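A.B. asks: Next one to model:
(chains A, B, C, D, E, F and G)
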Amino acid sequence: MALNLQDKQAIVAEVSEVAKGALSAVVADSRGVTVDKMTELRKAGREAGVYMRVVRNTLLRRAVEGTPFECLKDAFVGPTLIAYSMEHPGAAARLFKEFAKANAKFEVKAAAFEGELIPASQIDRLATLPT
Amino acid sequence: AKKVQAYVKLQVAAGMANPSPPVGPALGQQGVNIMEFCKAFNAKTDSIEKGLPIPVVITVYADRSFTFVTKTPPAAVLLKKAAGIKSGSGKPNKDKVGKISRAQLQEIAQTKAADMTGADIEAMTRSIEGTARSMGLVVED
Amino acid sequence: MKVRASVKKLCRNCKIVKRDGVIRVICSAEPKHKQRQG
Amino acid sequence: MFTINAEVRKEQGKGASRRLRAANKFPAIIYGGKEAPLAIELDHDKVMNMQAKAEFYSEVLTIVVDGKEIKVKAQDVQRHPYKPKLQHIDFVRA
Amino acid sequence: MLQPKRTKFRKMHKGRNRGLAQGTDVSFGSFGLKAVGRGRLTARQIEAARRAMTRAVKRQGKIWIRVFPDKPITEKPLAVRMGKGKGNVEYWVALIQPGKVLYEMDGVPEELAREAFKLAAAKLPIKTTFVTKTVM
Amino acid sequence: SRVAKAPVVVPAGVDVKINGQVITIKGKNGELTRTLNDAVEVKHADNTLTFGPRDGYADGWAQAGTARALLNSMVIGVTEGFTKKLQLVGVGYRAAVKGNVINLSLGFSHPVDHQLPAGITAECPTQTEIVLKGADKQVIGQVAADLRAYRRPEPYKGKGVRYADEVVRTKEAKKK
RNA sequence: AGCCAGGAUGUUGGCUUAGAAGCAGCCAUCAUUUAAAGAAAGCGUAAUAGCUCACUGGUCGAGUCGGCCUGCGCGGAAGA
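C.D. replies: Residues are numbered from 1 along each chain as shown, chains lettered A, B, ... in the order given. See below for the structure:
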C-alpha cells in the first residue's frame, strides 16, 4: 500500500460530510460474512445511494486525527470495531432506529450498537425521532 | 438459509427439466434425488420463460425437505436471446458478432435487478457491459 | 531427499534452515521439495 | 538542483589518480570558456546517487569549490568497464 | 553457429587476452549482459546462450549479438605426436575482456529481460552481469 | 529481543528462587527446576520476571528470548499443566495404561509397552485415544513423539498413531 | 509477523456443449456491494463442494522490508 497521502484522501472524504450530518451510529462486524454486505450495505442504497461512508479506520490515531474538526466526542472510540455512519437524508432521521430494529438481523455483535451524537451521551435506544 | 454443508449452485439449461447429462450427480451426491426435483420446480417452469438457461440454487436440508429460490439467468445467455445470436465468446480478442443497444439491454436488466445485489438499476447495467465485450459484442451508444 | 549442490525455494512453503552447518530446504506442503546441500 | 562538494587536485598522473580513486573519490575536471582548466577532486558516493537521474546530464550543475559557485554542465563521463562506479567526468563550463 | 565467410588465412596464432574491452556500453538496445570474467566464448556457447535467451522472453522483441568469434582454433587429433605442423581447425572462439557487452535486448519489460539474461548466463563460461542503457 | 523484553508475570502462591543461574519454580501441579546459560540476566525483583543480555556475550538477546519462553512454560506448567491429545487410527489399534505403562497394539507380533517418565500422567478414556498430562512442555512433547514413533501416520489411509491436532495428507495408488 | 473475521453478487462466463463452475487450456483481463474481495495464487473435485491466500477491520507495538559495493567465512570437496 502507498504513502500517507492516499491515507489522507480517505480522511478528506470522511471529514467532507462530517460537518453537514445530523446523527452518528456505530455498527461492528467481527463475524460479518458478505451476507451482512447483502443486508447492511445494500440498506444504504435504499435511502440515498453509495456515499454513506461506513468506512472502518478506527485506529487510536487514524480516525481520531479527523475527529477534532467536528463532533469531538468520537476521539475515544478506539477498539471494539467502529463503522461510522452519517444521516444526511432528513434532519434527525431513523438510521439509528434502522439498526435498533436490526438486532434480530444478523447483528449479534455491533459494538453494543451504541450510537454517538445528539444527546452527547452513551448507549440509549432513542424513540424521540421525527416520523 | 444456513452455512454451506450440502447445497450447491446448479441447473444448467433449465429449458428442459432434470439436467442429468450436464449436471448429473451433483445434487445426487449429498442427499437429493432427481425425481422430486422436477416436482417442486414444476410451479416455476411455465411461470417464467421456457427454453432459457436459468440456474437455481438447490437448498439441501437435513430433514429430507428441500426448497429453492430461482435466480436470474446469467448474462451469458440473456445476451443471446436479446441480441438474437445463438453464439458466444469463442475467442473474444478476434471477433465481435453482436450488435445490441444499451437501451435494448437495460429494459430487461431492470428485471435482472430484482435478484441482483445492486443499489440503483442503472448502476448495475455497466456490470453487464463488462460481460458484453467479453463475448464479442459491442454496445452502441 | 535431493542432494543437489544448488538448493533453492521451489514454492512459497519452502524454508531455508542452516542445521549444523548444512543448509537445508524444508517444505511443509510437498515432501519432494525437501533437499540439502550448499 | 545538483550541488557537488569538490576539492582542487594537488596531484595528477596514473599513480595519483588510482590512489585517490581507491579512497571512494574519483577525479574530474572543469574546463571551458576562456579560463584555465580546473582539475577537480570530489567524492564518489555523492555523485553516484545524483548521476542515476536522467536530469543530471541535462540541467546546469553548480559544483562548489573554495566557496565559488560555478555554473557547469556535464560533458562526458568515464565509467568503469565492468563495475558500477565512475572514473572521470568531463565538465564543460556553461 | 556463427562463423566468418572466406577469411584471409585458415589458421592464426594463439595470442594473449590482455587489456580491457571496447564495447562497454549498451548502444543498440536498452538492456545488456556485460561480461565480468575473462575468457573465450565459442560458437557453440554463443548460440547455446542465444537459444536459451530468445525462448526465455517470447517470440517478440529484438535481440542484438554484439560479439562474433572471428578466430579459428586448432586441435591435434588423438594419438598424434607433437609437431608435424599445425592442427586442423575445429571451432571458433571470441576473446572477451572484462566489461564486454555480449548481448543487447530491447522491447521487453525489465523484469522479463532480467530472467532471460540469467538463463543465458548459465550457458556462458565467464561471469556476466545485468546492465542497462545509461543516458549519455 | 522482542520476546526477551516481554516480562512473564508469576502468579500468587507459586514461588521462584534465584540460585544464581539455577532457577526452580514450585507450584501446586509440581515443581520444575532449570539452569540457564550464562548469557542471560535473570532478576526477579518484582511480582514478574524480567530478562536481559548479560555483558560480554554477543548472543545474549537471542539467549534471553529462549529463556523467557522456557520460564513461561515453567509458570503455566506448575499452575495449569500441559496436555497432549493423541489418536490411534487403524483397525484393531487399541490402547491401555497400567499405572504408568501404556500398552499399545499397533498390528505388531508382540505387545509394545512404553514407560512413562516421572511426573507424567496418561489417561485413556477411549481405546483409540490417549490423553497425557504433565508439568514440562518439553518432556511430554518427547513422550508424545515417542508414542508417535512406534507407528507413524500412514500417508495412504491415515493409519497409525497421530495427534488429535494433526493433519495427514493422503495419496492414492495412481491406478486403482 | 502473530491473535480474532470477510474472502462476496452476476458467474454453470462462453469453447469441442462428455464438464471444465475463481483453480488442464484457449480470452476479454469487467462492473457493482463496498470495512475489502483477484470473474482468482495453492491444495483439493469427472464437474460442483470444501480448506485458505491475497486485499481490507480491530488488538498490538515498534522498526521492518527488498536490492547494491565489499572483508572474513560454509557447502560443492570421493582413492587406494
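A.B. asks: contacts and neighbour counts: CA atoms only from here.
C.D. replies: OK.
A.B. asks: For chain A, what's its nearest residue on chain C.
C.D. replies: residue C:12 (21.4 Å; C-alpha to the nearest C-alpha).
A.B. asks: ok, so what distance separates that residue from residue F:169?
C.D. replies: 18 Å (C-alpha to C-alpha, to the nearest Å).
A.B. asks: Now for the residue of chain C closest to chain A, how many residues are close by?
C.D. replies: Using other C-alpha atoms under 10 Å in any protein chain shown, residue C:12 has 9 other residues around it.
A.B. asks: With residue B:94 instead?
C.D. replies: Neighbours of residue B:94 (other C-alpha under 10 Å): 8.
A.B. asks: State the distance from it to residue F:113.
C.D. replies: Counting by C-alpha to C-alpha, the gap from residue B:94 to residue F:113 is 73 Å.
A.B. asks: Residue B:68 sits in which helix or strand?
C.D. replies: Residue B:68 belongs to strand B:66-70 when elements are defined using DSSP states H and E.
A.B. asks: hmm, back to that, for the residue of chain C closest to chain A, what are its contacts?
C.D. replies: Going by C-alpha atoms under 8 Å, 6 or more residues apart in numbering or on different chains, residue C:12 touches no other residue.
A.B. asks: Need phi/psi at it.
C.D. replies: phi -80, psi -20 (degrees, to the nearest 10).
A.B. asks: How far does the longest strand that chain E contains sit from its chain's centre?
C.D. replies: Assignment by DSSP state E gives strand E:88-96 as the longest strand of chain E. Put simply, strand E:88-96 sits 11 Å off its chain's centre (C-alpha atoms, centre = their mean, to the nearest Å).
A.B. asks: Any chance you could list what contacts that strand?
C.D. replies: E:3, E:10-11, E:17, E:21, E:35, E:38-43, E:67-76.
A.B. asks: What's the first helix or strand after it?
C.D. replies: strand E:101-106.
A.B. asks: who does that next one pair up with?
C.D. replies: strand E:31-35 (antiparallel), strand E:62-65 (antiparallel) (DSSP bridges).
A.B. asks: okay, these, which one's buried deepest?
C.D. replies: strand E:31-35 (a mean of 27; mean count of other C-alpha atoms under 10 Å in any protein chain shown).
A.B. asks: can you list contacts of that strand?
C.D. replies: Applying C-alpha under 8 Å, 6+ apart, the set of residues contacting strand E:31-35 is D:82, E:24, E:26, E:96-106, E:110, E:113, E:117, E:126-133.
A.B. asks: Give me the neighbour count for the closest residue to residue D:37 other than its chain neighbours.
C.D. replies: Computed as C-alpha to C-alpha, 6 or more residues apart in numbering or on different chains, the closest residue to residue D:37 that is not its neighbour in sequence is residue D:31, at 4.4 Å. Using other C-alpha under 10 Å, residue D:31 has 20 neighbouring residues.
A.B. asks: what's the answer for residue F:40, then?
C.D. replies: Neighbour number of residue F:40 under other C-alpha under 10 Å is 25.
A.B. asks: do residue F:166 as well
C.D. replies: The local packing of residue F:166 (other C-alpha under 10 Å) involves 10 other residues.
A.B. asks: so residue E:103 makes contact with residue E:66?
C.D. replies: Yes - assessed by C-alpha atoms under 8 Å, residue E:103 is found in contact with residue E:66 at 5.6 Å.
A.B. asks: Would you map the helices across chain F?
C.D. replies: F:60-79, F:137-150 (DSSP state H).
A.B. asks: Quick one: closest of those to chain B.
C.D. replies: Going through these one by one, with C-alpha to the nearest C-alpha as the measure, helix F:137-150 comes closest at 32.8 Å.
A.B. asks: Can you mark which positions in the longest strand of chain E are buried?
C.D. replies: E:91-96 (16 or more other C-alpha atoms under 10 Å in any protein chain shown).
A.B. asks: Please convert those residues to CSV, extending it with distance to residue A:5.
C.D. replies: Putting the buried residues of strand E:88-96 into CSV (distance: C-alpha to C-alpha, whole Å) gives the following:
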residue, distance to residue A:5
E:91, 62
E:92, 60
E:93, 57
E:94, 54
E:95, 54
E:96, 50
